[PDB]
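J.:
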Amino acid sequence: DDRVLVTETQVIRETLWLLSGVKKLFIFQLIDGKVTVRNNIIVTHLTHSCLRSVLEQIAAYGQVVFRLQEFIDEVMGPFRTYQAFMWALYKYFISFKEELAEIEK
Amino acid sequence: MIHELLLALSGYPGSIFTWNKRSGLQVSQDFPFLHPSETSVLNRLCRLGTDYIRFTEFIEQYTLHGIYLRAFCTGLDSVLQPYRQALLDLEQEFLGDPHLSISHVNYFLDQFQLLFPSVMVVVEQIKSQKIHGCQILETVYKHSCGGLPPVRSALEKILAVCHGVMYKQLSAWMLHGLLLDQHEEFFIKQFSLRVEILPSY
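Protein chains in written order, with my numbering: chain A, 5 to 109; chain B, 2 to 202.
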């Protein structure tokens, strides 16, 4: 069985993008609105399985942020309440995004 | 492609950033100098620019005729100013630090991501229903009750300028006995009164 053998720092950058809510990532390729880890990812260490374990947890967090981003999308593209509700959710994401973006620095 | 991006966001596309009169800004294809799963954010960022050009293409053509429409255009130039201001701020940043990434601009440019789609459709209603006359004073007011505080404070400014025409024609008429109109604009046409064109509030 072949594997891609990604480096180490590349994973953290990918994890930050998952936290950001962006899609179409070389890792965590969603299929049906459910983010899911790939199968050929391996590091020099971590025996190819713990990586599938640690990523599986962060993936569970991507689902929480991917679904919310799908919700905000279905409001932008006169309910006056949902539209007023996302603006609170949207406001929280910007500040949360800044902490993740700062780490990338 | 950093400086290449900012120019595309100002109304000047290139080879890496193609332009289409139907769709809008979009990444052309895959490049070896970019991350395989990074093109996503650029397409999302380009949607911010696609709105900007359709603004200018509408502003420059001024297209429908009437003073209230024309003054609504200049009113649209005032709200877009912080977009011009904030984008120029990044220039001082990258000249200082040349190693910045593409993620930071998205973190900086989130506020304008929401203001355009609400105000862009306001233009679509005008180009699709031929809103001619003072009725433009209501279409801007009908969306003025929006929930978003920034969107409310933006169209608020356009109303503060769009009324700048009504007040003038109202003053030159309610004080000197003559009306300054040549396109059936004012709501007063032995004079009479108009109701089907009178404002809402």
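We put the CB at the ideal spot given by N, CA and C, even for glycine.
Whose C-alpha, out of A:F83, A:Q87, A:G66, is nearest the C-alpha of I76 (chain A)?
T.: Residue 76 (chain A) sits at position 72 when you count from the first residue of the first sequence. The shortest Cα separation from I76 (chain A) among A:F83, A:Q87, A:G66 belongs to A:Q87.
J.: What does DSSP give as the partner residues of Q130 (chain B) in its beta bridges?
T.: Taking the first residue of the second sequence as 1, we reach residue 130 (chain B) at position 129. Answer is none; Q130 (chain B) lacks a bridge partner.
J.: DSSP has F18 (chain B) in a bridge; who is on the other side?
T.: By 1-based counting over the second sequence, the position of residue 18 (chain B) is 17. Its beta-bridge partners are B:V28.
J.: Taking CB distances under 9 Å as the criterion, tell me whether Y69 (chain B) reaches chain A.
T.: As a working mapping, residue 69 (chain B) is identified with position 68 in the second sequence. Judged by the 9 Å Cβ criterion, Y69 (chain B) is not in contact with chain A.
J.: Please classify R45 (chain B): does DSSP put it in a helix, a strand, or coil?
T.: Residue numbering aside, residue 45 (chain B) sits at position 44 when the second sequence is read from its first letter. If DSSP states are grouped into helix, strand and coil, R45 (chain B) belongs with the helices.
J.: Hey, does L115 (chain B) have any beta-carbon neighbour from chain A nearer than 9 Å?
T.: Along the second sequence, one-based indexing puts residue 115 (chain B) at 114. So, interface residue.
J.: For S104 (chain B), return the contacting residues in chain A, with the cut-off set at a CB-CB distance below 7 Å.
T.: Taking the first residue of the second sequence as position 1, residue 104 (chain B) is located at position 103. The contacting residues are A105, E108.
J.: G81 (chain A) versus chain B: which residues are under 7 Å apart at the beta carbon?
T.: The residue given as residue 81 (chain A) occupies position 77 in the first sequence. Result: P118.
J.: What does the alpha-carbon distance come out to for the pair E108 (chain A) and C74 (chain B)?
T.: Mapped onto the first sequence, residue 108 (chain A) falls at position 104. Mapped onto the second sequence, residue 74 (chain B) falls at position 73. One C-alpha to the other measures close to 41 Å.
J.: Using 8 Å for Cβ pairs, my map puts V162 (chain B) next to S119 (chain B). What's the rounded Cβ distance?
T.: Here residue 162 (chain B) refers to the residue found at position 161 of the second sequence. Here residue 119 (chain B) refers to the residue found at position 118 of the second sequence. Going by Cβ atoms, the distance from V162 (chain B) to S119 (chain B) rounds to 18 Å, so no, they are not a contact pair.
J.: Quick one: residues in its chain with C-beta nearer than 7 Å to the C-beta of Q136 (chain B), no 5 flanking neighbours on either side, listed in chain order?
T.: Walking along the second sequence from the start, residue 136 (chain B) turns up at place 135. Taken in chain order, the residues that qualify are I198.
J.: Under 7 Å between beta-carbons, which chain A residues line up against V123 (chain B)? List them in chain order, please.
T.: Residue numbering aside, residue 123 (chain B) sits at position 122 when the second sequence is read from its first letter. Result: empty, since nearest Cβ-Cβ is about 13 Å, beyond 7 Å.
J.: With contact counted as at least three CB pairs below 8 Å, one residue from each stretch, are the segment 18 to 33 of chain A and the segment 63 to 80 of chain A in contact?
T.: Yes, they touch.
J.: Please check the pair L49 (chain B) and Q114 (chain B), which I expect to be a contact at CB under 8 Å, by giving their CB distance rounded to whole angstroms.
T.: On the second sequence, position 48 is the one that residue 49 (chain B) refers to. On the second sequence, position 113 is the one that residue 114 (chain B) refers to. That pair is a contact at about 6 Å.
J.: Quick one: grab the DSSP three-state call for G81 (chain A).
T.: Mapped onto the first sequence, residue 81 (chain A) falls at position 77. Three-state result, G81 (chain A): coil.
J.: Sort B:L77, B:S104, B:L110 by Cα distance to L89 (chain B) and report the nearest one.
T.: Counting from 1 along the second sequence, the entry for residue 89 (chain B) is found at position 88. Considering only alpha carbons, the answer is B:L110.
J.: Go through its chain and collect everything with a Cβ distance to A155 (chain B)'s Cβ below 7 Å, but skip five positions before and after it.
T.: Here the question's residue 155 (chain B) lines up with position 154 in the second sequence. Excluding residues within five positions, the ones whose Cβ falls inside 7 Å are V80, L116, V120.
J.: Out of curiosity, what's the CA-to-CA distance linking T13 (chain A) and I68 (chain B)?
T.: Here residue 13 (chain A) refers to the residue found at position 9 when the first sequence is read from its first residue. Here residue 68 (chain B) refers to the residue found at position 67 when the second sequence is read from its first residue. Approximately 59 Å, taken between the alpha carbons.
J.: Report the residue from B:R71, B:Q27, B:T51, B:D52 whose alpha carbon sits nearest the alpha carbon of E186 (chain B).
T.: The sequence position of residue 186 (chain B) within the second sequence is 185, counting from 1. Taking only the C-alpha atoms, the option nearest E186 (chain B) is B:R71.
J.: With 9 Å as the threshold, decide whether the Cβ of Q67 (chain A) is near any Cβ in chain B.
T.: Position 63 of the first sequence, counted from the start, is the residue given in the question as residue 67 (chain A). It does not: the Cβ of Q67 (chain A) has no partner Cβ on chain B nearer than 9 Å.
J.: Assign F188 (chain B) to one of three DSSP states: helix, strand, or coil.
T.: For the purposes of this step, residue 188 (chain B) is taken as residue 187 along the second sequence, with counting starting at 1. Residue state, collapsed to three classes: coil.
J.: Strictly below 7 Å CB to CB, what residues from chain B border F30 (chain A)?
T.: Within the first sequence, residue 30 (chain A) is the residue found at index 26, counting from 1. Neighbours of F30 (chain A) on chain B, chain order: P37, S38.
J.: Would you give the residue range spanned by the alpha helix (DSSP H) that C163 (chain B) belongs to?
T.: Reading the second sequence from its first residue, position 162 is the one you call residue 163 (chain B). Note, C163 (chain B): alpha helix (DSSP H), 150 to 175.
J.: Provide the residue span of the alpha helix (DSSP H) that contains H4 (chain B), from first to last.
T.: Counted from its first residue, the second sequence places residue 4 (chain B) at position 3. Unbroken alpha helix (DSSP H) run through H4 (chain B): 3 to 9.
J.: Measure the alpha-carbon distance for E157 (chain B) versus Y142 (chain B) and round it to whole angstroms.
T.: As a first step, residue 157 (chain B) must be located in the second sequence, where it is residue number 156. As a first step, residue 142 (chain B) must be located in the second sequence, where it is residue number 141. Going by the C-alpha atoms only, they are around 8 Å apart.
J.: Among A:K28, A:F83, A:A105, which has the Cα closest to the Cα of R42 (chain A)?
T.: As a first step, residue 42 (chain A) must be located in the first sequence, where it is residue number 38. Of A:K28, A:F83, A:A105, the residue nearest in Cα terms is A:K28.
J.: For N43 (chain A), which three-state DSSP category applies?
T.: Here residue 43 (chain A) is taken as the residue at index 39 of the first sequence, counted from 1. Coil at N43 (chain A), not helix or strand.
J.: Taking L149 (chain B) as the query, report the chain A residues whose CB atoms sit under 9 Å from its CB, ordered along the chain.
T.: Residue mapping note: residue 149 (chain B) aligns to position 148 of the second sequence, counting from 1. Per Cβ cutoff of 9 Å: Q87, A88, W91.
J.: How far does the alpha helix (DSSP H) with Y84 (chain B) in it reach, from first residue to last?
T.: Position 83 of the second sequence, counted from the first residue, corresponds to residue 84 (chain B). First-last of the alpha helix (DSSP H) with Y84 (chain B): 82 to 97.
J.: Taking the alpha helix (DSSP H) that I16 (chain A) falls in, what are its first and last residues?
T.: Looking up residue 16 (chain A) in the first sequence gives position 12. Counting along the chain, the alpha helix (DSSP H) containing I16 (chain A) begins and ends at 13 to 24.
J.: What does a CB cutoff of less than 7 Å around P200 (chain B) pick up in its chain, not counting 5 residues either side in sequence?
T.: Along the second sequence, one-based indexing puts residue 200 (chain B) at 199. Around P200 (chain B): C135, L138, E139.
J.: Are the CB atoms of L26 (chain B) and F56 (chain B) within a distance shorter than 9 Å?
T.: Position 55 of the second sequence, counting from 1, holds the residue named residue 56 (chain B). Position 25 of the second sequence, counting from 1, holds the residue named residue 26 (chain B). No, the pair does not count as a contact, with Cβ atoms beyond the cut-off.
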